[PDB]
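In: Structure for this input, please:
(one chain, ligands or ions: 2)
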Amino acid sequence: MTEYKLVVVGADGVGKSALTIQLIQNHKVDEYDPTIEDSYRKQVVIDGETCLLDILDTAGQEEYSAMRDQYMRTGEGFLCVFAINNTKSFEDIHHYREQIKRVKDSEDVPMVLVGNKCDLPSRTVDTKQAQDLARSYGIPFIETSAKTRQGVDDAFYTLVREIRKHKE
Ligand SMILES: Nc1nc2c(ncn2[C@@H]2O[C@H](COP(=O)(O)OP(=O)(O)O)[C@@H](O)[C@H]2O)c(=O)[nH]1
Ligand SMILES: [Mg+2]
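Out: Numbering: from 1, shown residues only. Ligands and ions are numbered 1, 2, ... in the order given. And now the structure:
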């Protein structure tokens, strides 16, 4: 079965793990397991054909992570996540995008900008500012809530579409 490797990056605390687990848990009966894995698989249908997503969550750059760059280089597409009530995590998006280009040795890498925690009323990053940043990068932008499930499936599906566009 075809397998696409998706890597989730961004500052710690923005909801990288919550988004990933919410995607995996949606639409299925999951074993109760309190383990937090750093990677999860999910079956999807791409152009009528069942495929596997392998989704890996990475540590924010404020944490040392010996394998982080090697892990990222295996990624075919990246979810760059910030929290809408965390201005620094949005400012950090530039770092993550440049670090993705570094580890992939490429100027053209599939990515999606994700503004998470959109259930919160304490936003400090205007939706327009993130929309305009994504457009300037040529990438999609979506606001999500791992809490309410708003946009969660759609964020990962949009990334899969970006990967497919790149492959073609
Ligand atoms: N309100 C709200 N809290 C969230 C959301 N996503 C994550 N959180 C919380 O933010 C904290 C960090 O989430 P986590 O997924 O562990 O962050 P990570 O370090 O980016 O993986 C936890 O307390 C989560 O429950 C969201 O969409 N809304
Ligand atoms: Mg955390």
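
In: what helices or strands is the longest helix anywhere in the chain leaning on?
Out: Ranked by number of residues, the top helix in the chain under DSSP state H is helix 152-167. For helix 152-167, the packing partners by 3 or more CB pairs under 8 Å, 6 or more residues apart in numbering; DSSP states H and E come out as strand 3-10, helix 16-25, strand 39-46, strand 49-57, strand 77-83, strand 111-116, strand 141-143. All C-beta atoms are positioned from the backbone trio N, CA, C, and that covers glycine.

In: And the contacts of the helix or strand containing residue 89?
Out: Assigned by DSSP states H and E, residue 89 belongs to helix 87-91. Surrounding helix 87-91, the residues in contact under the criterion CB atoms under 8 Å, 6 or more residues apart in numbering are 10-11, 13-14, 81-84, 115, 124-125, 129-130.

In: what does this protein have sitting close to ligand 2?
Out: For the chain, the contact set with ligand 2 under CB under 5 Å from the ion comprises 12, 13.

In: Run through the residues of the chain sitting next to ligand 1.
Out: Applying CB under 6 Å from any ligand atom, we find that the chain lies next to ligand 1 at 12-18, 116-117, 119-120, 145-147.

In: Recalculate using a threshold of 8 Å.
Out: The chain comes close to ligand 1 at residues 8, 10-21, 57, 60, 81, 83, 116-120, 144-148, as judged by CB under 8 Å from any ligand atom.

In: Show the buried residues in those residues.
Out: Buried members of these, scored by 16 or more other CB atoms under 10 Å, are 8, 10-11, 14-21, 57, 60, 81, 83, 116-118, 144-146.

In: Packed most tightly, which of the helices and strands packed on helix 152-167 would that be?
Out: Mean neighbours per residue, mean count of other CB atoms under 10 Å, is largest over those for strand 111-116, with a mean of 28.
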